[PDB]
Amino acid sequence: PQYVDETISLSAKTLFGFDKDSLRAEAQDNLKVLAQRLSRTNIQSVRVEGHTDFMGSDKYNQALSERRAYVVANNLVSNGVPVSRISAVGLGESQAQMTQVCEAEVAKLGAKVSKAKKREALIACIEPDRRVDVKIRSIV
């Protein structure tokens, strides 16, 4: 049949602030609204994917991202999304997009630039790779 694919990207910042896996209240509100919409949608699958930046081992990133994806998926289930169609996977840094652009951007500032602030800048620059994507496939 006809499909429509949606990807809702929620940054780890918005979702967990500085914490490992505690959902911020505002995040829960947004996810509840999403779950409500999905319950009124001709959905096929709701795949929650956790992503991290390269600042971690394969093992560490996969575990953290899976936990974060699970927490988001569990919230959606708590708000009505059928367990039968939902999944939570940890993709770690496998699809990271900010490593090169950021390493280049930062090195472009070495004038005694704290040397430590360069790393801070790196972590801030690669923020887009720290997030959870909710991928929904529905029938048109």
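Residues carry their position along the shown sequence, with the first being 1.
Chemist: State which stretch shows the higher mean Cα B factor in the entry: 126 to 134 or 12 to 20.
Modeler: The stretch with the larger mean CA B-factor is 12 to 20.
Chemist: If you average the CA temperature factors as listed in the entry, which stretch comes out higher, 38 to 46 or 89 to 97?
Modeler: So the stretch with the higher mean C-alpha B-factor is 38 to 46.
Chemist: Out of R67, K32, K108, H51, whose C-alpha atom has the biggest B factor in the entry?
Modeler: That would be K108.
Chemist: Is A104 in the lowest, middle or highest third of its chain when residues are ranked by C-alpha B-factor?
Modeler: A104: CA B-factor falls in the highest third of its chain.
Chemist: State the tercile, meaning the lowest, middle or highest third, of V71 with respect to the CA B-factors recorded for its chain.
Modeler: Lowest third.
Chemist: Based on the entry's values, in what third of the chain does the Cα temperature factor of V77 lie: lowest, middle or highest?
Modeler: For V77, whose C-alpha B-factor we compare with every modelled residue in the chain, the answer is the lowest third.
Chemist: Please say which third, lowest, middle or highest, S114 falls into when its CA temperature factor is compared across its chain.
Modeler: Tercile = highest for this residue's CA B-factor.
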